[PDB]
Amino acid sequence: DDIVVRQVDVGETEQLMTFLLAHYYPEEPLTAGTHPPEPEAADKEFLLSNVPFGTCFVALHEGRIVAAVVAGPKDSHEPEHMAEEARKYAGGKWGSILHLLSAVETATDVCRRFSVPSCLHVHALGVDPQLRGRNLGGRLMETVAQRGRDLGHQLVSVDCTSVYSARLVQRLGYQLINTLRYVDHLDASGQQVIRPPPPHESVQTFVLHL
């Protein structure tokens, strides 16, 4: 009962972004696997654009941000939205990232695949490792799931990109529905789009029925 979980507000995002640049971006494989090794602005701005939905949360320890989750609702039009954004942004850092993410959205296409009108998709989960024992990640994921039930959303999805994230969602009972290996993902030229360092090998999308 030592940790405060609250919804991020449109007003208070600078600190959220400050946290993410500290405890999410650096280790993130899509970000590390593209060679301008610093997140572009369109990237950060797409993360923050989810806030107005009231679907982003932080965990506060003594009023400092200790963990954050970024999530937003999506529908059957996401594959088109993603394909369009990927065309818009080729071929810069964010374009490469979208290229892969669009391929995933296109392949998973969860609204149509599970006959559901909308999914709550988790875009980013970041945790300050200096607080082991606090179950920060689980609490926030449990929080987006509940927020999703309030909203009447019937699904949550998450494209797991590390081991931590996969184990976390596996133990909250998500089901694995797609696996895309970075080495298997080439561009129109046949060139590998995302090349993250060891030990990252694949994007694994998980879903939870609410």
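Counting begins at 1, following the sequence as shown.
Undergrad: Read off the CA B-factors in the entry, average them over 194 to 202 and over 12 to 20, and name the higher stretch.
TA: If you average the C-alpha B-factors of 194 to 202 and of 12 to 20, the larger mean comes out for 12 to 20.
Undergrad: Averaging the C-alpha B factors as listed in the entry, name the stretch that ends up higher: 125 to 133 or 81 to 89.
TA: Higher mean C-alpha B-factor in the PDB entry: 125 to 133.
Undergrad: Have a look at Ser162, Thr143, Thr179, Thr55 and flag the one whose Cα has the highest B-factor in the entry.
TA: Comparing C-alpha B-factors across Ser162, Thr143, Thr179, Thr55, the top value belongs to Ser162.
Undergrad: For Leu47, does the deposited CA B-factor place it in the lowest, middle or highest third of the chain?
TA: Answer is lowest: the recorded C-alpha B-factor places it there.
Undergrad: By the record's CA B-factor, is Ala67 among the lowest, middle or highest third of residues in the chain?
TA: As the PDB entry reports it, the C-alpha B-factor of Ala67 lands in the middle third of its chain.
Undergrad: Among all modelled residues of this chain, ranked by Cα B factor, put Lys74 in the bottom, middle or top third, i.e. lowest, middle or highest.
TA: According to the entry, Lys74 has a C-alpha B-factor in the chain's lowest third.
Undergrad: Against its chain's modelled residues, does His99's Cα B factor rank lowest, middle or highest third?
TA: Bottom third by C-alpha B-factor.
Undergrad: Quick check for you: using the entry's CA B-factors within this chain, is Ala41 in the lowest, middle or highest third?
TA: CA B-factor rank for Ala41: highest third.
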